[PDB]
Each structure stands twice: as C-alpha cells, then as structure tokens.
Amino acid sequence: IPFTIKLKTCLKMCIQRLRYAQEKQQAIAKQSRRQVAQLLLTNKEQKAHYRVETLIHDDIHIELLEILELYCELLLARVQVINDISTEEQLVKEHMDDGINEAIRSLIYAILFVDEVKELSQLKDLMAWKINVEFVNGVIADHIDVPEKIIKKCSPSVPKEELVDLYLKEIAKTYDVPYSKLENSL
C-alpha cells in the first residue's frame, strides 16, 4: 500500500521481466543469425539483407533492455531516497548525482518502446503521483533530461550499408559461409 512498497514491488518485477526479455531476445537473435546464413547459402541476397536490417535493430533493442535493467537496479537500491522526492526541482537539483533523475526519466520514456514489459507503465503512474503529471509529460512528450543514448536506442537511425555488410561478414565467419555466397550479398 505505501508508496515505497509499491515502488519496490514494481522495480523488482521490472528487473525480472527485463532480464527475461533479454534472455529470450538474445536467443532469438542467435536464431536469426543462423537463418541469415541459410539465406546466403541459398542465394537469397535480398532477403538476407532485409533480415540483417531487422537483426541490427534487434541487437540495439537488447542493448536498451540491458541499460534499463541497470537503471531499475539503481532505483531499487535507492528506493528510500526517492520516497523523499515530491517535486521535479528536487529530482533535477538534488538527485542528478545519485543518477536517479536519469534513471527514472529513462524508464518512463522507454514505456512506449518496450511494450514487452508492461510493468514499466506502473513507474509512470507512481511518479505522476509522487511528483506530478507535468514531470511525466515532460519526459514522454519532450524527452526532458532523457539521455541521448536512450533516445537513440529507442529510435535508432537507418542502418548504413557499411554496418549491414559488417553483419553479413561476421555471420559468415560464425557459420563458415562459403566465400562466394557471402560476396554475392555484399
């Protein structure tokens, strides 16, 4: 019932869900790499390219999940301090050092981009009550104080052909794809 207890419960669940999502998505990414190799072996260059573009985004998303997990752990260890935060001014001026400002803003901003972890929405609800609605809207609508790294991993730019080629070459090494098959995809 108490705010501190509801927050602790929320953060713990977010950590478990984020860890599980990482595990699952990493395993799937591995399968995707095998499938790209199979596309290369069968001369399906166009499809292999499309699959790599998706894989690139999948890997970036996994990195996002890893960072969010760390932010959750940070907040979990400082839960008692967050209990003494009632305004955004306090958050930005008194909690920029302990990394709380950055951590909470990043998790709220991530809700829209990580629907696989529903509990993140609970953090928004909790902070909208603890601080105010203005704070949460500033994060979502205007990404105020949200780290550039988080904004980029939530919305990565188009993969350049150089990176796609690099992925193809690394997948070819992993799966011993014949030279001719990989070259035809570059």
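So that there is no doubt, residue numbering starts at 1 and follows the sequence shown.
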For 69-77 versus 105-113, entry-based mean Cα B-factors point to 69-77
Quick note on 115-123 and 54-62: per-entry mean CA temperature factor is higher in 115-123
Chain thirds by Cα B factor, record data; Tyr167 belongs to the lowest
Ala37: CA B-factor among chain residues, third -> middle
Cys14: CA temperature factor from the record, placed by chain third, in the middle
Here the Cα B-factor of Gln26, set against its chain, lands in the third termed middle
Entry-reported C-alpha B-factor of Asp145 relative to its chain, by third, is lowest
